[PDB]
K.L.:
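Can you keep this structure in mind? I'll have questions shortly.
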Amino acid sequence: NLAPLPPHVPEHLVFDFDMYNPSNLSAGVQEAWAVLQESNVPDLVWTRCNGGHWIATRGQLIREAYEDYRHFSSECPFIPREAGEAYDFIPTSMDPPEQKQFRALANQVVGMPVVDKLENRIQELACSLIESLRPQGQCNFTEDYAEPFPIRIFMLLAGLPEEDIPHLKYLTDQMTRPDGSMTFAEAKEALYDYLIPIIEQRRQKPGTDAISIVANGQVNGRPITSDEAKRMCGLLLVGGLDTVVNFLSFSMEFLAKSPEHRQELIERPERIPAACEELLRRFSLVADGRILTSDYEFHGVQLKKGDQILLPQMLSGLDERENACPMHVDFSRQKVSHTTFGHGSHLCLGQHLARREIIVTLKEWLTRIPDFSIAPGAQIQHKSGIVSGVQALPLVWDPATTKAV
Ligand code: HEM
Ligand SMILES: CC1(C)[C@@H]2CC[C@@]1(C)C(=O)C2
């Protein structure tokens, strides 16, 4: 389903890429998106899929656009337009200077100091989950670890019941990797139907949880409104439930296929942080965008007001002009360049929490289960969207080779 080409788009700039179903998906999602960086593809293209929109394919252009909020607004960040229009999360749907005040409050609940305080809990949960899995000699990583580990930590931070995970996770996924079962607007309404009663309660009887903090926070000198708190908590929910969850699976899938990389981290632990950065570059998984606030000539191409442009955060680090041999994983890269956590005024506030969860996982898993691989005959399938992911990851290992710690 290709939308008719708009009058202002030159035919030679057309490249019909479908971000929800790219062609080479079987080869891996990152590989599928990397076709946009082939020599035959211009730096800025227009796709007729998903309603029609531009796509910047180079790190330089992606960074530039994310810095210039004057022309590229966060008001409509999701594609298709219907989704971008229904999108109202704070502070991501706001441009500076308005965004700043809300960003400050959100930093209060997921910023560095909160991570420092939750450190021991993150460590305890990781160890507890792995030790319970260790003797079994097999598991579906996505559902046995990738999902429970980060999600339970978030539910703990937000003060929400574990029983609600299945429901909340389903809604979140519909927003990033649309099933077709429901529209973004409907998925958003349901999520808000869930939060409203809770925020109402936390406003009267405040706790120490993230939601209580947001609900009773202050912005621009005055108290936050119920609606504003709702829209911010909505964003925190999606970030906590559908980001680290998918990244862990991409990383573990790679480690399961590369004994040499596992060994490297086991023998030289001081390399884990650097390894984490390189994995974040190679397995980058986010791609959202901006909307043109007016007509603007960008690198020779004429963009029209209202035009939507996808600026794939995942593509910056795969760009060869930024990283030599981009598809190759090299823990000793002198320079790891990427925009996995974003760029510009909307730089990810939860990146400290994410890095902590990734590093703890790598260390604690390789400590107890140094040797593992993908189950024979299993075919790992990736899924594309605003946030990419892995369908399932069956792993197997010899319990005799594990170490109880
Ligand atoms: C590895 C996982 C993660 C990745 C790759 C990631 C990526 C991103 C990206 C690319 C943005 C910018 C979006 C844009 O500019 O339109 C962003 C924003 C944000 N992320 Fe993360 N994120 C991750 C984990 C988290 C977590 C765990 C949370 C916490 C619940 C979270 C909270 C936020 C917030 C609050 C923003 C909005 C900041 C603002 O608009 O000022 N993220 N993230
Ligand atoms: C693009 C994101 C990864 C970022 C945090 C959750 C997300 C889906 C948003 O809507 C903003």
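Below, all heavy atoms of this structure are taken into account, side chains as well, without hydrogens, waters or symmetry copies. When a residue number appears, it is its place in the shown sequence, counting from 1. Start at 1 and go down the list; that is how both ligands and their atoms are numbered.
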K.L.:
Does a donor on one side chain sit under 3.5 Å from an acceptor on the other, for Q313 and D288?
P.N.:
yes
K.L.:
May I ask you to identify the nearest protein heavy atom to atom 6 (C) of ligand 2, giving residue, atom name and distance to one decimal place in Å?
P.N.:
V238 CG1, 3.9 Å
K.L.:
Any side-chain donor paired with an acceptor under 3.5 Å for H338 and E277?
P.N.:
yes
K.L.:
Considering the options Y296, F15, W46, which one meets the ring pair (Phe, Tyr, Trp, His ring centres under 6.0 Å) requirement together with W54?
P.N.:
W46
K.L.:
CD1 of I62 to NE2 of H343: how many Å apart, nearest 0.5 Å?
P.N.:
10.5 Å
K.L.:
Should you measure from each heavy atom of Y87, which atoms of ligand 2 turn up under 4.0 Å away?
P.N.:
9 (C), 10 (O), 11 (C)
K.L.:
Just grab all the salt bridge (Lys or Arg N to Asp or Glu O under 4.0 Å) pairs involving residues 236-255, residues at least two apart or on different chains.
P.N.:
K169-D242, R177-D242, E253-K257
K.L.:
One thing to verify: whether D95 and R70 come together as a salt bridge, which I'm taking to mean a side-chain N less than 4.0 angstrom from a carboxylate O.
P.N.:
no
K.L.:
Verify the neighbour count for atom CE of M327: are there more than 12 heavy atoms of other residues, nucleotides or ligands below 6.0 Å?
P.N.:
yes
K.L.:
For atom 9 (C) of ligand 2, is there a protein heavy atom at a distance under 4.0 Å?
P.N.:
yes
K.L.:
Is a salt bridge present between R203 and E200, judged by a nitrogen-to-oxygen distance below 4.0 Å?
P.N.:
no
K.L.:
Which protein N or O atoms sit under 3.5 Å from any N or O of ligand 1? Give each pair with its distance.
P.N.:
{"residue": "ligand 1", "atom": "15 (O)", "partner": "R290", "partner atom": "NH2", "Å": "2.9"}
{"residue": "ligand 1", "atom": "16 (O)", "partner": "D288", "partner atom": "OD1", "Å": "3.4"}
{"residue": "ligand 1", "atom": "16 (O)", "partner": "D288", "partner atom": "OD2", "Å": "2.6"}
{"residue": "ligand 1", "atom": "16 (O)", "partner": "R290", "partner atom": "NH1", "Å": "3.0"}
{"residue": "ligand 1", "atom": "40 (O)", "partner": "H346", "partner atom": "ND1", "Å": "2.6"}
{"residue": "ligand 1", "atom": "41 (O)", "partner": "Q99", "partner atom": "OE1", "Å": "2.9"}
{"residue": "ligand 1", "atom": "41 (O)", "partner": "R103", "partner atom": "NH1", "Å": "2.7"}

K.L.:
What's the shortest distance from atom 4 (C) of ligand 2 to any protein heavy atom, and which residue and atom give it?
P.N.:
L235 CD1, 4.6 Å
K.L.:
What is the closest protein heavy atom to atom 2 (C) of ligand 2, and at what distance does it sit?
P.N.:
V286 CG1, 4.6 Å
